[PDB]
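Participant: One structure, pasted below without further comment.
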Amino acid sequence: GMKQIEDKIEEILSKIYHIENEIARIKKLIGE
Amino acid sequence: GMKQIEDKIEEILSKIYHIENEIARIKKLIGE
Amino acid sequence: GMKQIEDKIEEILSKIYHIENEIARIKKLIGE
């Protein structure tokens, strides 16, 4: 496929990991 | 690549931005 | 496009649904 498609997938995976880190910080503060 | 692949990427980016908005609202209510 | 691209999209959609479940559990505990 497109190199642009693969580039977008890279950005998406980075965004998701950043979101999962944010959710981990929230669950740690509130307990779950 | 597929127009269907690019369509799915559009839906994913919309879902991610919606999630980031939800996380912003949570962090604003609890402080972080 | 690539079968690998479509496989990555499958993993991304699973990650997003899992994240949306986690956000639902957080909003239920704190109220919003």
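So you can find residues: chains in the structure tokens are A, B, ... in the order shown, residues in each start at 1, and ligands are numbered from 1 in order.
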Please provide as JSON, numbers by chain all residues within 9 Å of residue B:22, with the sequence filter that same-chain residues fewer than 5 positions apart are discarded (counting only C-alpha atoms).
Facilitator: {"B": [17, 27], "C": [23]}
Participant: Only C-alpha atoms, please: the residues just picked out, written as an mmCIF file, in the first residue's frame.
Facilitator:
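Okay, this is what ended up in selection29.cif:
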data_model
loop_
_atom_site.group_PDB
_atom_site.id
_atom_site.type_symbol
_atom_site.label_atom_id
_atom_site.label_comp_id
_atom_site.auth_asym_id
_atom_site.auth_seq_id
_atom_site.Cartn_x
_atom_site.Cartn_y
_atom_site.Cartn_z
ATOM 1 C CA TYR B 17 -9.654 12.455 18.764
ATOM 2 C CA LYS B 27 -8.237 14.928 33.811
ATOM 3 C CA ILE C 23 -12.881 5.103 29.679
#
Participant: Give me the residues within 9 Å of stretch 19-21 of chain C as a list in words, counting only C-alpha atoms and dropping any in the same chain fewer than 5 places off.
Facilitator: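 Residues near the query, excluding close chain neighbours: residues 16, 19, 20 and 23 of chain A; 19 of chain B; 14 and 26 of chain C.
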Participant: Hey, can you check how far atom CA of residue C:10 sits from atom CA of residue B:9?
Facilitator: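 Rounded to one decimal, the two atoms are 11.1 Å apart.
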Participant: Hey, what's within 10 Å of residue A:30 if we count only C-alpha atoms and toss same-chain stuff fewer than 2 positions away? As a VMD selection string, please?
Facilitator: (chain A and resid 25 to 28 32) or (chain B and resid 30 32) or (chain C and resid 26 29 to 30)
Participant: Using only C-alpha atoms, which residues sit within 12 Å of residue A:8 once same-chain residues fewer than 4 positions away are excluded, as a list in words?
Facilitator: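 The residues satisfying every condition are residues 1, 2, 3, 4, 12, 13, 14 and 15 of chain A; 5, 6, 8, 9, 10, 12 and 13 of chain B; 5, 8, 9 and 12 of chain C.
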Participant: Write a file of the just-selected residues containing C-alpha atoms, as a compact mmCIF listing (two decimals), in the first residue's frame.
Facilitator:
# COMPACT_ATOMS: atom_id res chain seq x y z
CA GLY A 1 0.00 0.00 0.00
CA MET A 2 0.91 3.66 0.38
CA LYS A 3 3.93 4.77 2.34
CA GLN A 4 1.49 7.47 3.49
CA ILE A 12 -1.91 6.10 15.19
CA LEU A 13 0.11 3.53 17.16
CA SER A 14 2.01 6.35 18.86
CA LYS A 15 -1.25 8.12 19.74
CA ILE B 5 -8.15 1.04 4.15
CA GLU B 6 -8.08 4.84 3.91
CA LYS B 8 -10.88 2.86 8.11
CA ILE B 9 -7.98 5.19 8.90
CA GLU B 10 -10.41 8.13 8.81
CA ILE B 12 -9.75 5.51 13.54
CA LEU B 13 -8.47 9.10 13.63
CA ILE C 5 -1.62 -3.16 6.83
CA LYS C 8 -2.41 -3.68 11.88
CA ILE C 9 -5.81 -2.05 11.41
CA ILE C 12 -5.72 -0.90 16.24
